[PDB]
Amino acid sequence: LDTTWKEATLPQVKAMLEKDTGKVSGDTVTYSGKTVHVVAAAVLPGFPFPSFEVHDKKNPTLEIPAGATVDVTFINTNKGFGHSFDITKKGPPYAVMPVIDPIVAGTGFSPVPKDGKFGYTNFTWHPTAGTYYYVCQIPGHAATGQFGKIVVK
């Protein structure tokens, strides 16, 4: 798993969240092109805890083209809490400690926001067509809704 966390100030966080390359329709972020960039954050201000925001939407379904290289940037913007971002074929409902192996791509637990900074990380995924879920593994978070769906096809 990706366990390499970089620091970003708020302006840097904002700059990165604006780099998401999907187009929203309804509650679905649709990506297109050979290389796509998903930028996800764990609980942006104004959004409910615990949740992931992608392209200013709460736990949206991500529609990605089969064959695409997916560059994911995961930013933990939630002061006081660690969060993870792990892609899996296992769907909800999630146990308090989610039983989601195999994790096809994802992160370990992030650090908590410190000294006016936020931890973030980037990983690359080369999905095979199918339905997947992006879920947080911090105990209880997925059970209380911190997950979304990914449809690769």
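In this text, residue numbers run from 1 along the sequence as written.
Taking the mean C-alpha B-factor of each stretch as recorded, 50 to 58 and 95 to 103 are not equal, and the higher mean is that of 95 to 103.
As recorded in the PDB entry, 65 to 73 is the stretch of 22 to 30 and 65 to 73 with the greater mean C-alpha temperature factor. Comparing the listed residues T121, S84, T35, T88, the entry records the largest Cα B-factor for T35. Among the modelled residues of its chain, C136 has a C-alpha B-factor that falls in the lowest third, as given in the PDB entry. Annotation for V152: C-alpha temperature factor in the middle third relative to the rest of the modelled chain, per the entry.
Compared with the other modelled residues of the chain, the Cα B-factor recorded for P11 ranks in the highest third.
Among the modelled residues of the chain, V43 sits in the middle third by CA temperature factor in this PDB entry.
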